[PDB]
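Engineer: Please find the sequence and an experimentally derived structure below.
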Amino acid sequence: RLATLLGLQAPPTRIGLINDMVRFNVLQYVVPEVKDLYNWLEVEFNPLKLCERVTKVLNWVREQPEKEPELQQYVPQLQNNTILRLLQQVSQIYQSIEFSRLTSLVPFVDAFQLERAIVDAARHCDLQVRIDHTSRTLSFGXXXXXXXXXXXXXXXXXXXXXXXXXXXXXXXXXX
Amino acid sequence: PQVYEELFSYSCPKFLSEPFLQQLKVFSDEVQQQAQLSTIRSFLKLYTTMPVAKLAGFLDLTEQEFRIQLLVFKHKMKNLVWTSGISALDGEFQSXXXXXXXXXXXXXXXXXXXXXXXX
Amino acid sequence: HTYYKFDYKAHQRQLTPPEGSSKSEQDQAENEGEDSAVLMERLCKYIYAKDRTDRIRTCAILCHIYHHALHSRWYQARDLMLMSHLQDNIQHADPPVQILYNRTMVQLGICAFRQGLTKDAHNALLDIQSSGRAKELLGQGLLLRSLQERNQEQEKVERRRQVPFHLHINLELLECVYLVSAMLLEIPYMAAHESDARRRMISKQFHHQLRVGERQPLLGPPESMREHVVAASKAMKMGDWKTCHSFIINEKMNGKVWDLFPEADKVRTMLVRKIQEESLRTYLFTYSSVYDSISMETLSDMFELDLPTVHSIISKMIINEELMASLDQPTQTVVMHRXXXXXXXXXXXXXXXXXXXXXXXXX
Amino acid sequence: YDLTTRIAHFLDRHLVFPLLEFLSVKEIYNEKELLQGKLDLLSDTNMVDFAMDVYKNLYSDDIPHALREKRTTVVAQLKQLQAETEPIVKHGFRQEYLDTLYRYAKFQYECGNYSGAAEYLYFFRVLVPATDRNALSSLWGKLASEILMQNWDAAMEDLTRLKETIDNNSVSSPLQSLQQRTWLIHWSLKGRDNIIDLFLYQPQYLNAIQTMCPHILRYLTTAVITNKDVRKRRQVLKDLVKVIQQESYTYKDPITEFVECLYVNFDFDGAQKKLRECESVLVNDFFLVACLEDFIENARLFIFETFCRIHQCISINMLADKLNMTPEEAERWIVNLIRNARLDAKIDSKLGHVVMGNXXXXXXXXXXXXXXXXXXXXXXXXXX
C-alpha cells in the first residue's frame, strides 16, 4: 500500500529506480566511483574481470571521508547483488564446475558463506543447482536424463534463433 | 517346513479319507515339496552380486545342509530363480520391455476407472 | 513467610526471630545438619494427615514442592508431586492454593529448564501457558485496576487474593523460557515439513506469533522479546546459528530475561550447544533438496559440532524419518534426492484401504 | 558402588544375605564387605547353616553362644508349633490350622529349611477360607520360597494360579508384585521378549518385596534394548521411551536412562561404553549375572544392524578406527555374530571392507506396481 501512499503510480523495479539515478542531476553530484561501479555491475559485467575492477575501485571509497561513510552502510546488500550476479553468470558459463573453482571465482567473506549464498540464490530461483559434497562439484542443471533435457533446451534455443534469422533474411531478400 | 510337516502329521486322518486307493498319501507329499520351493524363488534374485554367507544362512533353513551348494544350483536348473557366478572361484553369486510393462499398468488403471464409472 | 525466599534470607529471618526470643523454649523439632531443610520438612510432615484437611495438607505439600524446586534438586520435587497425588484437590481450593498449584508448576518448569531439559519443560508448562489470562492465573495483577472493578468492597476484599510481588515471579522470564523451548522443539519438525518428508508432526510454542509477523505489512528489527526469539527462529531456518544465539541476547537484554537466573553463564553455553544441534538438524532438513552429497568434516567445523555428534544426529534422524539418505562412515559422506517403485507400492496400499472403507458403507 | 546402600536398598532377606554372599563369591573371595555384612546380618536371625558357613573361613569367626541359643530356641519353637498344630487339627477351626501351616512355613523359612517351608506353606491350600486372601497369599509365599530355591517354573505356575484366580482388584499392586515375579521368572528362563514386557508394564509405587526399584529399571531397560527380534520401534519407542510410568523407575538409575537414550539416538559407541562401565557392577547382580554377556552382545548386534542396513558399502577398517572401540575387537565380534545369522554382513577382515545388500531391479519395482494394481482390482470386484 505504501508505494501508492508515496504518490508513486505503481511499485517500481530496481532498474526503473536506477534510471532516475541514471539521470544527470543524481549523476552530476554523484561521486565518480559509483558511476564506475554501475558500469562494472550493471553495464558490462564480466566475471573474469569483475574482481579486479572492484579491487581497484574499493580502495578509493575507503580513503574518502564522505564516500566511505555512504559506502560503509551498504556493503552487505551491494555484496549480495554482486555475488548473485556472479552465481547467475557462472550458471550460464558452466554445467558442472568444481566447488573450489566456483567459490574461488567469486570473492566471499568465507568459503561456507559463499555456499550459503549459492543456495539462497537457488531457493529464490535465480539459479538451479545440485551440489555434490562428495566430489566437491556443483551442477547447474538420472545423469543421462539431465543431459537429455539440457540438450532439448539447447535445441529449442537454436530453433528460436534460426526462426528469428529467417525473418531477417526476408528483409535482405528485398535488398 | 517344520510347521508344514507337522500339519500333515496331525491331520493325517483327513488325507487318508479307499485306504488302498490312497495307501501312501502320494499327492499331498508332492504338493508340499512344490510348496517348500516357492519362498526361495520369492527373493527372486534382483541382486547383481550376492554374498555367499547370506545365501548360506537362508538355505541353511532348508533341511539339507549341503543343499545350497546343491540346493542353490538345483534352483537354477528349475529356472524359477536365476543365479549368476555360481560355482565360481570367487564363490559369490551374481544376479522397450520396461515401456511395455508400464503401458500394461496404465491399462489396468484405466480398466479400474471404467468399472468405477460404469458402476 | 519462608518458602519463596532463599535459604540465606530464611535463615536470617529465623536467626533474627530466635535472637528476640527468650533462651528457654519448647520445640518439638530436633536440630539437624541442615537447619532450614529440616524446618520445612518438619512442618510439612506435621501438616499432612488423614484427619487433616486437604486445604491445609495440600497447602503444606505445595509449599514443600515450591521450596524444594527452588533450593533442591528437581527430581526430588517431581517425585513429591507425583507421590502426593493431588489432581482434583490442587485446583480447589485452599484460597491461596491456586497460586501454589500454578506457582509450583511454574517453578519446576523453571528449574527443569535450568537443568537444560527442554523436552521436560515444554511438557510441564503447556497447560498453564496456554492461558491468555495467565498473569491473573498466577495471582499477580495490580490491585488498583481490579479494585475499581471488584467494588463494592464487601465482595471485593475476598476477591483480591492475588499474591505479593516478592512472591510473584516475572512473566517475561517464564514466557521467554517456554518460547525458547517450543522453538528448539518445533523448528526442526517444521523445517522437515517444509522439506515435506512429513514423517512426524510437531507443535512449537509462539508459532502463531511468528505467522502473524510474516503476514505483517511492516517488519521491524526486533524490539520486544518475542521478536528477538522470532529472529533467532528465522536465523535457525536459514542456518545461521551464530545470528540466532546473538538475537536471543538482544531480545533478552531489553527483556532482562536471562539475567534473572544465577547460573546464566552455564545456561548460555548449554543453550548455545543445544541450539547448535537443533540448528544443524534444521539446516540438513531444509537443504537436502539441492544437495545430493555432504561432508561431515566441513559440517562439523562450521556448526562447531564435533563429528561424533553430527553423524549421530543425522543418522538417528534419517532412520527415524525414513529419509532416503545414505551415509558412508568410512569416507564420512552423505547421499540424498532419490525409491519411486517403493513409493508407488505404498500409494497402492492406501488406495486399497479406501476401497475397503467404501465397501463398509455399501454394506 | 557402595555396598551399604545396595544391601540397604533391597527389602528381601534373601537379597539382603544371598546378594552379599553372591558379591563375595561372585567377584573376590578376599574383599571384606561381602563377608562382614553377611556375617553380621546372618547373626541377626535363626539360620545356623548360613551362620555355620560364616563361621567357616572367609567368614566371621565362629561363636559358641550364637549357635547354641539359636539351635535351642528352635527346638523349643518346633515342639510348641507341633503341639499347637496337633490341637488345631484335633478346635476344628480352619483359620487356626491355616495359621499353623503358615507358622510352620515361617519357622522353617527363617530356620533356612526351604523345602519344608514350601511344603507347609502350600499345605494351607485346603484350609483357605477364601482364594483371594488365603490362597493368593499362599501364592506370594510359594513364590518367595520358589525364587529362593531357584525354580522359576514353579514361580510362573503360582503366578498363573494367582492371576488366574477369579477375584482381582485393580487398586492393589499385588498385580505389581506378580508382574515382578513373572518378569523375574522369564529373565531367569534369543531374547525372551517377555521379561521386558513384564518389567515395563507397571510400578506399584509400593515396595517391590521381590524386585529392587533399581532392579526393575535396569532389568526392564536392558532386556528391552536387547530384544531386536521381538522389539517394535514402539517397543524401543512405545514401551520404553514414550512410557511415562516406567520413567519413574528409570530416573532411579540414570546411567541406564542415558544408556537407552544413547541407543535410541543412534550413538551406539556411547551406549556400549556405558555398558562396558557398568559391566563389573552388573556381574555382581544375583539375577542378572548369568545373562549379562548375552544381553550386551545382542545390543551390539542390534547396533551393527542399524549401521549395517543404512549403508550399502562400509569401510570396515575406518569404522574400527572410528568406532571408539578397537577395530580388531570389532571385527572379531562381527565374525562371531555372523555365523549365528544375526547379521547379513558381507565381511572380509583382511580387506577391511564390508558390503551388505538388502533389469532385475527395474523388474522389482514393476512387480510391486502390478501387485498394487491387483489389490485395487479386487476391491472393485468386491464393490460390484
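Structural biologist: Alright, I've got the coordinates. Numbers count the residues shown, from 1 in each chain, chains lettered A, B, ... in the order given.
Engineer: Can you tell me the number of residues neighbouring residue D:249?
Structural biologist: Per other Cβ atoms under 10 Å in any protein chain shown, the neighbour tally for residue D:249 reads 26. To be clear about C-beta, it is placed using only N, CA and C from the backbone, and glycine gets the same treatment.
Engineer: For it, what is the enclosing helix or strand?
Structural biologist: helix D:244-252 (DSSP states H and E).
Engineer: So which other helices or strands are in contact with that helix?
Structural biologist: Contacts defined by 3 or more Cβ pairs under 8 Å, 6 or more residues apart in numbering or on different chains; DSSP states H and E place helix D:244-252 against helix C:74-84, helix D:213-225, helix D:254-264.
Engineer: and the angle for that helix with helix C:74-84?
Structural biologist: An angle of 140 degrees separates the directions of helix D:244-252 and helix C:74-84 when computed by axes from the mean of the first three to the mean of the last three Cα atoms, to 10 degrees.
Engineer: circling back: make TSV from the helices and strands packed on helix D:244-252 and add mean neighbour count and distance to residue A:44 to it.
Structural biologist: Listed next are these as TSV, based on neighbours: other Cβ atoms under 10 Å in any protein chain shown; distance: least, Cβ to Cβ, whole Å:
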stretch	mean neighbour count	distance to residue A:44
helix C:74-84	17	67
helix D:213-225	25	67
helix D:254-264	18	59
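Engineer: of all these, which lies closest to residue A:3?
Structural biologist: Among the helices and strands packed on helix D:244-252, the nearest to residue A:3 by Cβ to Cβ is helix D:254-264 (53.8 Å).
Engineer: who touches that closest one?
Structural biologist: Residues from elsewhere that reach helix D:254-264, judged by Cβ atoms under 8 Å, 6 or more residues apart in numbering or on different chains: C:316, D:217-218, D:221-222, D:225, D:236-237, D:240-241, D:250-251, D:268, D:270-271, D:274-275, D:277-278, D:299, D:302-303.
Engineer: distance of the residue of chain B found nearest chain D from chain C?
Structural biologist: At 3.6 Å from chain D, residue B:51 is the closest residue in chain B, using Cβ to the nearest Cβ. Here residue B:51 is placed at a distance of 18 Å from chain C (Cβ to the nearest Cβ, to the nearest Å).
Engineer: Quick one: classify the closest residue to chain A within the stretch 151-300 of chain D as helix, strand or coil.
Structural biologist: Relative to chain A, the nearest point of the stretch 151-300 of chain D is residue D:266 (20.5 Å; Cβ to the nearest Cβ). Following DSSP: H, G, I helix; E, B strand; the rest coil, residue D:266 is assigned to coil.
Engineer: State the distance from it to chain B.
Structural biologist: Remark: distance between residue D:266 and chain B (Cβ to the nearest Cβ) = 24 Å.
Engineer: so what's that residue closest to, chain neighbours aside?
Structural biologist: Distances taken as Cβ to Cβ, 6 or more residues apart in numbering or on different chains put residue C:316 closest to residue D:266, at 3.5 Å, once the chain neighbours are dropped.
Engineer: what sits against the one you found?
Structural biologist: Residue C:316 is in contact with D:264-267, counting by Cβ under 8 Å, 6+ apart.
Engineer: give me every residue that touches the residue most central in space within chain A.
Structural biologist: The residue lying closest to the centre of chain A (Cα atoms, centre = their mean) is residue A:85, at 1.7 Å. Residue A:85 sits next to A:41, A:45 when contact means Cβ under 8 Å, 6+ apart.
Engineer: Helix or strand: which one has it?
Structural biologist: Secondary structure assigned from DSSP H and E places residue A:85 in helix A:75-93.
Engineer: buried residues in the helix or strand that comes right after that helix?
Structural biologist: Next along the chain after helix A:75-93, taking DSSP H and E as the criterion, comes strand A:96-98. Neighbour-count burial for strand A:96-98 flags residue A:97 (criterion: 16 or more other Cβ atoms under 10 Å in any protein chain shown).
Engineer: which strands and helices sit next to the helix or strand following strand A:96-98?
Structural biologist: Sequence order places helix A:99-105 as the next helix or strand after strand A:96-98, per DSSP H and E. Counting contacts by 3+ Cβ pairs under 8 Å, 6+ apart, helix A:99-105 packs against helix A:75-93, helix A:111-123, strand A:137-139.
Engineer: can you tell me which residues contact the closest residue to residue C:107 other than its chain neighbours?
Structural biologist: For residue C:107, ignoring the flanking residues on the chain, the nearest one in space by Cβ to Cβ, 6+ apart is residue C:69 at 4.4 Å. Shown in contact with residue C:69 (Cβ under 8 Å, 6+ apart): C:77, C:104, C:107-108, C:110-111.
Engineer: quick one: which of those residues sit in helices?
Structural biologist: The helices, defined by DSSP state H, take in C:77, C:104, C:107-108, C:110-111 from the contacts of residue C:69.
Engineer: for the helix or strand where residue C:41 lies, packing partners?
Structural biologist: Following DSSP H and E, one finds residue C:41 within helix C:35-47. When contacts are defined as 3+ Cβ pairs under 8 Å, 6+ apart, helix C:35-47 packs onto helix C:7-20, helix C:54-71.
Engineer: Taking the contacts of helix D:254-264, please make a PyMOL selection of just the buried ones.
Structural biologist: Per 16+ other Cβ under 10 Å, the buried members of the contacts of helix D:254-264 correspond to this PyMOL selection:
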select buried, (chain C and resi 316) or (chain D and resi 217+218+221+222+225+236+240+241+250+268+270+271+274+275+278+299+302+303)
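Engineer: before we move on, back to that, angle of the helix holding residue A:85 against helix A:111-123?
Structural biologist: With the same axes, to 10 degrees defining the directions, helix A:75-93 sits at 70 degrees from helix A:111-123.
Engineer: Which positions in helix A:75-93 come out as buried?
Structural biologist: With burial defined by 16+ other Cβ under 10 Å, the residues of helix A:75-93 counted as buried are A:82-91.
Engineer: go on, stretch D:71-80?
Structural biologist: For stretch D:71-80, by 16+ other Cβ under 10 Å, it's D:74, D:77.
Engineer: Now the residue nearest to residue D:6 when sequence neighbours are not counted: which helix or strand?
Structural biologist: Closest residue in space to residue D:6, ignoring its immediate chain neighbours: residue D:19 at 7.3 Å, by Cβ to Cβ, 6+ apart. Taking DSSP H and E as the criterion, residue D:19 maps to helix D:18-26.
Engineer: got the contact list for the residue in chain D that chain A sits nearest to?
Structural biologist: Nearest to chain A in chain D, going by Cβ to the nearest Cβ, is residue D:313, at a distance of 12.9 Å. Shown in contact with residue D:313 (Cβ under 8 Å, 6+ apart): C:328, C:330, D:353-355.
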